[PDB]
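# Structural characterization, general
Now for the letters of each chain:
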Amino acid sequence: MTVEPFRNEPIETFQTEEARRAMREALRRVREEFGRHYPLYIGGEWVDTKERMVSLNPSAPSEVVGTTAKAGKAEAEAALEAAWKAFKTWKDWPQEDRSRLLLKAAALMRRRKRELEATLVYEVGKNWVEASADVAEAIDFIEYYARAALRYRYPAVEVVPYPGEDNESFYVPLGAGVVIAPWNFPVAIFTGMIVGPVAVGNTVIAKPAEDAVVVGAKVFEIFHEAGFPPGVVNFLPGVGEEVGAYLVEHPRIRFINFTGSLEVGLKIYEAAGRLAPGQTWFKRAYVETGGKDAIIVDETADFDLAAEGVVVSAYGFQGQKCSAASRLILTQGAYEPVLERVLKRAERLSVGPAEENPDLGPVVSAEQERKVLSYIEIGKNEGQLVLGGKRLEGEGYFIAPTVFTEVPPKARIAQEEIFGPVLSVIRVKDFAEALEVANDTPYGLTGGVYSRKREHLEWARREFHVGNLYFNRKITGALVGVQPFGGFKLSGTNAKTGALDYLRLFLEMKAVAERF
Amino acid sequence: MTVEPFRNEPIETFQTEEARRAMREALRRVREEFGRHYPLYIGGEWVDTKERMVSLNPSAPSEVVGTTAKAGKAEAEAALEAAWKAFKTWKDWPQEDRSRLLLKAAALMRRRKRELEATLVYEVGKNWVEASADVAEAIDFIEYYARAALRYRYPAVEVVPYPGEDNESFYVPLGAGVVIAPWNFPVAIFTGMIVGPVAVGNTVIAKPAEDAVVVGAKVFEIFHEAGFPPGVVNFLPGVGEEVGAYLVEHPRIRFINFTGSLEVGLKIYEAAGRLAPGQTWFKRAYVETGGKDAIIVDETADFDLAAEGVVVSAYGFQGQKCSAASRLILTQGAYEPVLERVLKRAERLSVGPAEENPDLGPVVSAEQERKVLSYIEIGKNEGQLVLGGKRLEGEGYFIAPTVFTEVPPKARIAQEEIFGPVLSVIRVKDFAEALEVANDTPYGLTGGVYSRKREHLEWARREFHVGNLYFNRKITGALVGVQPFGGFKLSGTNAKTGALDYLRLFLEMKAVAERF
Amino acid sequence: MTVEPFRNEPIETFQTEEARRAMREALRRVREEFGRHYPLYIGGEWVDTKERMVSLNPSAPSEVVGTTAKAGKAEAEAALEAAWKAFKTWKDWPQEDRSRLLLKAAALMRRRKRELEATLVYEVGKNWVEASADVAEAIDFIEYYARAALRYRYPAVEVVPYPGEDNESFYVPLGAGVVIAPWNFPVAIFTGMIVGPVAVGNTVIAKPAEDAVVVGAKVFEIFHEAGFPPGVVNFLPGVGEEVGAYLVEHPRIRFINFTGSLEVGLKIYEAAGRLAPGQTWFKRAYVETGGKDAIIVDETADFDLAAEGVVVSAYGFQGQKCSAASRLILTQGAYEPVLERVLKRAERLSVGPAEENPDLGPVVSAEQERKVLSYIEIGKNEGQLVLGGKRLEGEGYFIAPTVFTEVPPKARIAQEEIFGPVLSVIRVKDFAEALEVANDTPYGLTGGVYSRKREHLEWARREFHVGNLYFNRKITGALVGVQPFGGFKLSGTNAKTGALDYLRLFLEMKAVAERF
Ligand SMILES: NC(=O)c1ccc[n+]([C@@H]2O[C@H](COP(=O)([O-])OP(=O)(O)OC[C@H]3O[C@@H](n4cnc5c(N)ncnc54)[C@H](O)[C@@H]3O)[C@@H](O)[C@H]2O)c1
Ligand SMILES: NC(=O)c1ccc[n+]([C@@H]2O[C@H](COP(=O)([O-])OP(=O)(O)OC[C@H]3O[C@@H](n4cnc5c(N)ncnc54)[C@H](O)[C@@H]3O)[C@@H](O)[C@H]2O)c1
Ligand SMILES: NC(=O)c1ccc[n+]([C@@H]2O[C@H](COP(=O)([O-])OP(=O)(O)OC[C@H]3O[C@@H](n4cnc5c(N)ncnc54)[C@H](O)[C@@H]3O)[C@@H](O)[C@H]2O)c1
Ligand code: NA
Ligand code: NA
Ligand code: NA
């Protein structure tokens with residue numbers, strides 16, 4: 001297989017009339033399609049159920065974007081049988097053939113990108129550029145993993161020779177596993193977590209987040225059109241604590257690929273460590289969990305550059321990112337100039353229905369709204385509220401960009417992942433204290449430093465203990481291939497997505513010697 | 001760092017007068033030192049305790065080979081503080097400096113090889129060649145990991161560039177972890193499990209098996225002379241279910257590197273999945289557990305070659321190997337010719353005090369003797385005893401090479417790891433059935449096939465589901481670098497020792513972007 | 001597949017008592033088996049015929065060394081059906097599996113080397129070292145081509161990428177072909193010409209020389225034990241102009257691999273250019289034919305070194321080599337010193353029964369004896385006989401080392417391949433004239449220069465137009481891998497044996513594009 005060198009899919013900014021025209025038409029068609037029903041996908045066919053999952057428009061939750069079928073234990077069992085049956089032959093496909101299947105799926109996704117973006121806008125309340133970034137990242141995962149998988153092809157292992165013998169070590173896929181995905185990047189992360197394992201010969205049962213079942217179905221439309229053999233990928237929208245837990249705990253699930261909250265990841269990792277009755281392997285579980293990500297700014301920084309990057313990092317997709325800047329750590333000399341600039345920029349942010357392409361759409365659900373507002377109440381008794389802190393008028397789940405300042409490093413709002421548009425500002429003496437405060441959380445996902453001082457940047461390179469660190473730029477939007485993505489500590493197991501290493505997680509090695 | 005390409009340390013065969021003289025001299029020096037007491041080693045110093053561990057000569061268990069200190073919770077805490085303190089600076093050593101330290105340790109070990117072999121002979125009842133193989137493998141782990149670690153050096157990760165930015169991804173070590181080691185390869189595996197993590201910047205608390213505390217201490221003498229900084233490696237002989245479990249469950253233990261029984265491995269993996277109170281990471285646990293390994297012989301094989309390889313594989317070190325052939329699966333045409341030859345060879349094997357270089361020494365302990373004899377009793381109810389099956393005369397734990405025939409594939413003796421000199425012979429119809437029987441255990445560590453038929457060998461390459469497979473040769477004695485070692489299924493987590501991939505298990509990745 | 005880097009099989013010199021003992025034992029075993037009959041080998045089985053081929057001991061031609069079956073048209077058809085049937089599946093074996101099969105065959109051959117050497121001694125009258133070189137070269141071809149074939153494995157071709165497409169180019173084998181082999185290296189060349197095409201997925205019908213049918217059969221015993229699938233290699237001893245020509249001209253023969261006389265090579269190449277009735281391809285024919293090889297010596301040479309190298313090159317295996325020095329071209333200053341030394345050395349050469357390890361055995365047959373004696377008669381009319389030129393006493397075909405001087409460059413004995421122990425000495429003015437005389441034959445296989453003058457050596461490198469050129473050493477005994485072997489002009493098609501390029505001759509390329 002010879003293809004062009006990997007390049008990232010450009011993210012559409014909708015500055016041209018052509019782009020606007022295409023997006024308007026895509027939004028119109030998706031809107032006109034509200035109420036559509038999407039079945040499960042098991043063993044190469046769409047399979048309906050009596051019960052259903054309902055997906056609302058968070059900008060106008062009286063509106064049903066669509067419904068899907070709902071997978072319970074029986075459907076989980078059918079999916080397991082289909083996946084294991086498929087594994088038997090899928091594992092034996094030449095890698096070139098599997099990689100070509102991924103490239104076909106990428107081409108099909110690229111041709112439907114405006115539709116998928118529009119679906120994100122309505123289903124999870126992304127503005128237009130956030131939706132475009134999500135779909136572009138999904139395409140990137142497919143393109144990248146298709147190529148990366150070839151690096152593991154038979155027989156890939158470097159071994160020491162021995163006289164009179166052939167010694168051959170090679171990788172093989174694990175089997176059938178479950179992918180359990182979040183609602184905040186329900187095209188990108190859903191796609192990446194499925195196609196990585198599948199590329200190298202595993203089969204997958206995919207459980208999309210409840211709030212993002214429709215766009216998950218559309219991804220499966222693409223898989224089906226691409227022509228993955230029956231059973232290779234299966235789509236099981238359903239309740240996480242029910243069908244998700246059922247699969248995690250199952251003796252016949254070989255691996256678990258999970259991205260989501262720490263609370264859930266902890267349960268999954270613990271369950272994975274247990275030998276279910278009749279289980280005949282040690283389960284592999286990859287859990288990529290939340291963060292409490294900080295940007296440090298010192299007195300040497302470009303304060304205007306810093307303020308812009310902080311606002312993008314804190315409020316992009318309403319702060320609903322594992323990578324979002326939820327802490328702003330300012331040295332004494334940076335405090336007033338940066339805070340004033342951040343407040344001025346943040347107070348100008350628009351909030352409204354995602355279809356209008358505002359700066360911020362709504363948060364994803366009534367439950368998310370309730371949690372963010374609850375943390376705002378907690379914050380009022382911990383730090384000083386200096387911007388926002390209110391639900392805005394409207395049926396949609398609109399929350400104003402919020403800033404607390406003089407926040408104690410150990411305050412709940414400085415330690416716990418809020419996952420909404422709520423920034424906590426922490427005042428410290430100097431760069432050394434900034435790093436101490438940055439590191440003193442249970443998490444270790446993303447971080448940033450704005451500084452012109454070389455020694456501070458290189459110090460942070462060595463000691464700001466996060467998996468994805470950025471200097472003099474935003475801390476969100478890690479690009480596949482460019483920035484291997486994944487954290488330390490309670491931000492998860494450090495499975496680095498969009499990196500060569502990711503696929504190794506879904507392989508085991510055999511060593512075969514023949515003495516002639 | 002530029003050193004010669006890796007080569008395996010030659011295994012001494014003692015065919016020369018000089019080698020035999022050197023061994024006798026070593027045996028004498030070692031037995032003259034039977035009175036010795038070896039403290040713990042914590043934070044760069046030998047530290048004694050009130051209580052002690054006693055080590056016996058399994059060939060003459062009324063003879064004490066040495067005593068050691070005994071680590072409890074306080075000593076585990078002292079070792080943790082030392083290991084975390086050391087980690088802070090050890091992680092920052094240039095890789096070249098750490099690799100040189102390993103190379104020094106290897107040179108020191110090589111200079112002490114006869115002493116270590118003699119210690120194995122007396123402490124765990126290895127004959128001369130088994131002892132030499134064990135020490136040589138230890139040297140190999142050090143030489144191999146020293147070189148392999150340089151492949152991960154700053155900044156090792158291949159990433160896609162982005163305009164106007166430096167993107168730099170690199171590996172960092174995890175922290176302080178615990179190594180919990182078996183008695184059966186108490187120089188080789190003890191050494192490998194310690195020096196792999198340490199090479200790339202981790203620090204280690206090492207817990208040797210109770211039955212092999214003296215030789216473990218001698219390995220630490222080598223580490224100390226080599227000059228590992230205080231706290232980098234720590235020696236904590238003690239009781240597995242006490243100090244071992246304490247460290248496994250500890251919130252401040254970052255990883256666990258375990259080799260031992262499935263029973264214990266299951267507990268360790270389960271415990272590792274739990275978040276201990278105050279723990280701030282997802283623990284990594286590598287558990288490399290037992291096997292129920294088969295050799296298949298078909299009617300096209302060289303039956304004499306097969307019989308020799310089977311006897312070596314089944315009875316080397318009294319069958320006390322995770323890799324030992326405990327099942328012999330014979331197609332109908334191979335059955336009588338191979339069984340007759342195996343019996344003729346096995347009946348000629350000598351059993352006695354290990355220092356006399358018999359074919360078999362004793363099993364390692366009264367507990368092991370009890371276990372093996374109990375399985376012989378079970379086997380008498382399940383199959384037909386045709387050779388051995390008896391304790392032999394003397395205080396030493398001498399057990400005769402044992403063969404059961406007419407063993408049902410689902411019999412306890414055909415499924416459960418006996419870990420003694422007991423071979424179960426299973427008759428099957430053809431090669432397909434041989435593979436079915438081979439695969440139908442909870443394990444997947446080693447296997448072999450004797451056959452001249454190319455299609456049978458290549459079929460086994462694809463479908464005999466074991467981590468280490470060998471054709472027309474013994475299934476034991478995997479060489480570092482040549483045969484990455486580790487299994488599938490309940491044989492553990494497939495951490496492939498003596499392979500480039502091993503060191504990756506003890507690293508995490510950071511990605512750092514600077515926008516200029 | 002990972003094996004040790006290629007090394008040449010050492011050529012036994014028999015300087016030790018053990019080697020001499022082993023040879024005597026082999027000679028005894030072989031002569032005890034002189035009564036044996038060897039069938040054809042077709043479709044994985046030995047198949048006999050009514051008629052037979054008889055093989056004689058050229059050192060005692062009243063002594064039969066063995067008999068074989070005799071292939072005619074019906075047997076050629078049976079072999080074709082078997083080879084095409086096998087090709088259908090053999091082409092689809094992974095390259096690693098085919099290469100392992102070769103490696104097995106090499107191991108089996110190495111274990112039988114003394115037996116094969118002894119068979120060469122008795123069947124074709126090689127002395128001990130000539131026999132050992134021949135078998136060692138055979139082993140080398142198998143070891144080298146096994147490794148070289150992996151360099152062509154799917155998908156091996158370097159292509160330029162194109163947007164939105166996968167472009168994949170890869171090699172496939174041609175089909176079933178015929179190998180037609182000479183008697184002078186009937187283990188080495190017979191083996192190389194078969195296993196090269198077979199390695200990369202072709203199937204072969206092998207036609208050994210009439211004078212070397214027994215040793216060819218022994219090579220097939222090795223192939224059979226190695227377990228090549230039925231039809232992959234087939235053994236058809238028979239008459240060249242009958243069954244050989246039949247296969248060459250056949251519409252269903254895909255390629256011809258020939259080594260032999262120019263006379264026969266010309267007929268084969270011509271026939272291969274024709275479209276037989278119903279043929280559906282352009283046949284590939286590789287024809288590696290004779291030489292009229294010269295050594296040039298100038299007045300700057302080490303004359304003793306030159307004389308030794310000339311005598312080795314001219315008289316090794318009785319001059320019955322395509323590489324043998326049959327011309328000695330001496331500049332005026334070199335003439336007397338070199339000729340005197342060549343004569344002194346040549347007159348001391350022993351001639352007798354090959355089993356006694358004389359310097360020269362007999363020529364291979366009554367026909368060869370007739371040819372060589374006839375050329376001696378021609379030479380007496382063209383040049384001056386100064387040594388030998390006589391049949392020696394005994395039934396065996398013993399001919400004395402022969403030297404003609406004052407030979408005109410255009411003389412028949414200076415132009416035509418004699419293929420016996422006959423050296424023609426030509427006096428020239430200077431090095432320029434030496435090169436002119438060297439180049440002025442229809443051939444271009446091997447050549448040599450003895451000279452200390454750098455400018456003369458480098459001039460010859462550029463202008464002595466032979467495929468295999470050697471400076472200050474013998475011109476025979478090209479080693480696999482070290483010296484790609486094959487000539488220019490009427491020495492054949494320049495198929496370079498023991499070189500990476502050789503296998504390409506037996507492959508065609510497919511290019512497959514998928515637009516996504
Ligand atoms: N580290 C990363 O790369 C990354 C990326 C995106 C989001 N996240 C994290 O995800 C969280 C937001 O996503 P979310 O609200 O969907 O998370 P969530 O944990 O509530 O749910 C994630 C998925 O797990 C399922 N689930 C819920 N309970 C389960 C159970 N007990 N067993 C099995 N599955 C169960 C859900 O149905 C959903 O499919 C945030 O904490 C965010 O930081 C992390
Ligand atoms: N897969 C491999 O590479 C491999 C290699 C060698 C041995 N083994 C296996 O090891 C076993 C024999 O070794 P063993 O008898 O020393 O095994 P074991 O499981 O009894 O003990 C191994 C180590 O764990 C410690 N231990 C015991 N209980 C513990 C607990 N609950 N928590 C923490 N540590 C505990 C012991 O003290 C010892 O140091 C066999 O099953 C054999 O197959 C496997
Ligand atoms: N270039 C080289 O690598 C090389 C190597 C060895 C020998 N040779 C040459 O081989 C010759 C000696 O070998 P030989 O006497 O066996 O050669 P040859 O040409 O007489 O016979 C070679 C093979 O071709 C067969 N044959 C004869 N006539 C045929 C026909 N018309 N159609 C098809 N096959 C036919 C023979 O039976 C034999 O198997 C010398 O000329 C020597 O230089 C060349
Ligand atoms: Na929704
Ligand atoms: Na002991
Ligand atoms: Na002959």
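- Looking at the entry header, you'll see X-ray crystallography listed as the method and 1.63 Å as the resolution.

### Some points on the overall build of chain A
- For chain A, the helix and strand inventory stands at 15 helices and 19 strands.
- Compactness check: chain A gives a C-alpha radius of gyration of 23 Å against a globular reference of 24 Å for 516 residues, within 12% of the reference.
- The burial tally for chain A puts 67% of its 516 residues in the buried class.
- Residue pairs in contact within chain A that sit at least 24 positions apart in sequence constitute 76% of those at least 6 positions apart.

### What to know about the UniProt feature "binding site: NAD(+) 2" (unreviewed entry) in chain A
- The UniProt record marks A181, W183, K207, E210, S261, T289 and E417 of chain A with the feature "binding site: NAD(+) 2" (unreviewed entry), using the residue numbering of this structure. These annotated residues cover 237 residues of sequence, and their C-alpha atoms reach 23.3 Å apart at the extremes, leaving them scattered rather than at a single site. If you take the residues mentioned a moment ago, the ones lining the largest cavity come down to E417 of chain A.
- Not counting the four nearest positions on each side in its chain, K207 of chain A is found in contact with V179, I180, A181, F190, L236, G238, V239, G240, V243 and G244 of chain A.
- Residue placement: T289 of chain A occurs in the loop between β11 (284-288) and β12 (293-297).
- Residues in contact with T289 of chain A, not counting those within four places in the same chain, are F258, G260, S261, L262, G265, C322, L445, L490, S491 and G492 of chain A together with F282 of chain B.

### Looking at the interface of chain C and chain A
- Listed as interface residues are 26 residues of chain C and, on the opposing side, 25 residues of chain A.
- Together chain C and chain A conceal approximately 2200 Å² of surface at their shared face, both sides included; 50% is due to carbon and sulfur atoms.
- Area buried by chain C at its contact with chain A is led by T2, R100 and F516 of chain C, which between them contribute 30% of it.
- Across the chain C-chain A interface, the total number found is four salt bridges.
- One salt bridge connects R100 of chain C with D166 of chain A, and the closest N-O pair in it is separated by 3.0 Å.
- Connecting chain C to chain A are 18 residue pairs in polar contact.
- For the side of chain C that touches chain A, the secondary structure elements donating two or more residues are α3 (95-111), β6 (165-173) and β19 (507-515) of chain C.
- Among the residues making up the side of chain C that touches chain A, the classes are represented as 12 nonpolar, two polar and 12 charged.

### Overview of the interface of chain A and chain B
- In this assembly, 76 residues from chain A lie in contact with 77 residues from chain B.
- Summed over both partners, the interface of chain A with chain B comes to about 6000 Å²; 54% of that surface belongs to carbon and sulfur atoms.
- Of all residues in chain A, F282, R461 and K510 of chain A bury the most surface against chain B, accounting for 14% of the area lost on that side.
- Counting every contact that joins chain A to chain B gives 12 salt bridges.
- A salt bridge links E514 of chain B to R454 of chain A; the nearest nitrogen and oxygen atoms lie 2.8 Å apart.

### With respect to the site of ligand 2
Residues and elements named next belong to chain B.
- The immediate surroundings of ligand 2 are formed by 28 residues, with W183, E210, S261, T289 and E417 found nearest.
- In this structure, an oxygen atom belonging to ligand 2 sits 3.3 Å away from a main-chain N or O atom of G260.
- Contact with the protein chains removes 88% of the 850 Å² of surface that ligand 2 exposes when unbound.
- Contributions of two or more residues to the shell around ligand 2 are made by α8 (240-249), β10 (255-259) and α9 (262-272).
- In terms of residue count, the dominant contributor to the shell around ligand 2 is α8 (four residues).

### Points about the nonpolar core
Residues and elements named next belong to chain A.
- One finds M109, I194, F220 and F228 to be the most contacted residues of the largest nonpolar core, which totals 98 residues.
- Among the elements that make up this core, the one with the highest residue count is helix α5 (residues 128-150) (13 residues).
- Each of domain 1 (1-289 + 480-516) and domain 2 (290-479) gives at least three residues to this core.
- Excluding residues that lie within four positions of it along the chain, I194 makes contacts with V179, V204, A206, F220, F223 and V233.

### As for the relation of the copies chain C and chain A
- With an RMSD of 0.2 Å, the operation that places chain C on chain A is a rotation of 180° combined with a shift of 0.0 Å along the axis. Seen this way, the second copy is the image of the first under a two-fold rotation axis.
- Comparing contact sets, 96% of the residues at the interface of chain C also lie at the interface in chain A, consistent with an isologous, same-surface contact.

### Concerning the coordination of the sodium ion (ligand 4)
All names here are of chain A.
- Ligation of the sodium ion (ligand 4) by protein atoms is provided by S55 (OG), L56 (O), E123 (O) and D211 (O), these donors lying 2.6 to 3.0 Å from the ion.
- For the sodium ion (ligand 4), the donor residues sit on a single chain with the sequence spacing S-L-x66-E-x87-D. Taken as a pair, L56 in strand β4 (residues 52-56) and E123 in helix α4 (residues 113-124) lie far apart in primary sequence, 67 residues in all.

### Considering the side chain of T191 of chain A
- Along the chain, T191 of chain A turns up in helix α6 (residues 188-199).
- In this structure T191 of chain A touches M109, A138, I142 and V219 of chain A, once residues within four positions along its chain are discounted.

### As for the packing of helix α4 (residues 113-124) of chain B against helix α7 (residues 213-226) of chain B
Residues and elements named next belong to chain B.
- Close contact between α4 and α7 brings their axes to 9 Å; oriented N to C, the two are set at 165°. Classified by the angle their axes make, α4 and α7 are roughly antiparallel. Both α4 and α7 take part in a crossing whose hand is right-handed. Listed contacts from α7 to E115, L116, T119, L120 and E123 of α4 are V213, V214, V215, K218 and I222.
- Broken down by class, the residue content of the contact of α4 with α7 amounts to six nonpolar, one polar and three charged.

### Here we look at the site of ligand 3
Residues and elements named next belong to chain C.
- Near ligand 3 you find 28 residues, and of these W183, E210, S261, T289 and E417 are the closest.
- Contact between ligand 3 and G260: an oxygen atom at 3.3 Å from a main-chain N or O atom of the residue.
- Only α8 (240-248), β10 (255-259) and α9 (262-272) provide two or more residues apiece to the shell around ligand 3.
- Counting residues per element, the shell around ligand 3 draws most heavily on α8, at four residues.
- A per-class count over the shell around ligand 3 returns 15 nonpolar, eight polar and five charged.
- If you count residues domain by domain, the shell around ligand 3 takes at least three from each of domain 1 (1-289 + 480-516) and domain 2 (290-479).

### Things to note about the domain arrangement of chain A
Residue and element names in this part refer to chain A.
- Domain annotation for chain A reports domain 1 (1-289 + 480-516) and domain 2 (290-479).
- Each of domain 1 and domain 2 was reduced to a C-alpha centroid, and the two centroids are 30 Å apart.
- Of the residues lining the interface, 37 residues belong to domain 1; the matching set on domain 2 comes to 42 residues.
- At the boundary of domain 1 and domain 2, one finds one salt bridge.
- In this structure, the salt-bridge partner of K321 is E130, at a minimum N-O distance of 2.8 Å.
- For the interface between domain 1 and domain 2, the tally reads 26 residue pairs in polar contact.
- Those elements that place two or more of their residues in the side of domain 1 that touches domain 2 are α4 and α5.
- Here the element with the most residues in the side of domain 1 that touches domain 2 is α5; it accounts for four residues.
- Here the residues of the side of domain 1 that touches domain 2 sort into 18 nonpolar, 13 polar and six charged.

### A few points about the relation of the copies chain A and chain B
- Superposition record for chain A on chain B: RMSD 0.2 Å, screw rotation 180°, translation along axis 0.0 Å.
- By residue overlap, the copies meet face to face through one surface: 100% of the interface positions of chain A are interface positions in chain B.

### Topic: the side chain of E9 of chain B
Residue and element names in this part refer to chain B.
- Among the structural elements, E9 can be located in the segment before α1 (17-32).
- Looking at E9, the relative accessible area reads 12%, which means it is buried.
- Engagement of the side chain of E9 in a polar contact is seen with the side chain of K113, the distance being 2.7 Å.
- Contacts of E9, omitting those with residues within four sequence positions, involve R110, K113, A136, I139 and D140.

Thresholds, definitions, all that
- Residues numbered from 1 in each chain as written, not as in the entry; some residues may be left out.
- Chains lettered and ligands numbered in written order.
- Part of a larger assembly, values for the part shown.
- Heavy atoms only, no water.
- Helix = DSSP H or I, 4+ residues; strand = E, 2+ residues; numbered from the N terminus.
- Rg over C-alpha atoms; globule rule 2.2 N^0.38 Å.
- Buried < 20%, exposed > 50% of the residue type's maximum accessible area, 1.4 Å probe, protein only.
- Contact = heavy atoms within 4.5 Å.
- UniProt positions renumbered as here; feature names shortened; annotations may be inferred.
- 1 Å grid on protein atoms, 1.4 Å probe; cavity = no way out; pocket = protein on both sides within 12 Å on 5 of 7 lines; lining within 4 Å.
- Buried area = accessible area lost by both parts, 1.4 Å probe.
- Salt bridge = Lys/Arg side-chain N within 4 Å of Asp/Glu carboxyl O.
- Polar contact = N/O pair within 3.5 Å; in protein donor to acceptor, adjacent residues only side chain to side chain.
- Nonpolar A, V, L, I, M, F, W, Y, C, P; charged D, E, K, R; others polar.
- Near = heavy atom within 4 Å.
- Areas by Shrake-Rupley, 256 points an atom, 1.4 Å probe, with all protein chains shown as cover.
- Core = buried A, V, L, I, M, F, W, Y, C linked by side-chain atoms within 4.5 Å.
- Domains from an automatic or database assignment.
- Least-squares fit on C-alpha atoms.
- Donors = N, O, S within 2.8 Å, 3.2 Å for Na, K, Ca; no water.
- Axes fitted to C-alpha atoms, helices over the stretch in contact; angles between N-to-C directions.
- Parallel < 35°, antiparallel > 145°, perpendicular 65-115°, else oblique.
- Left-handed = near helix turned anticlockwise from the far one by under 90°.

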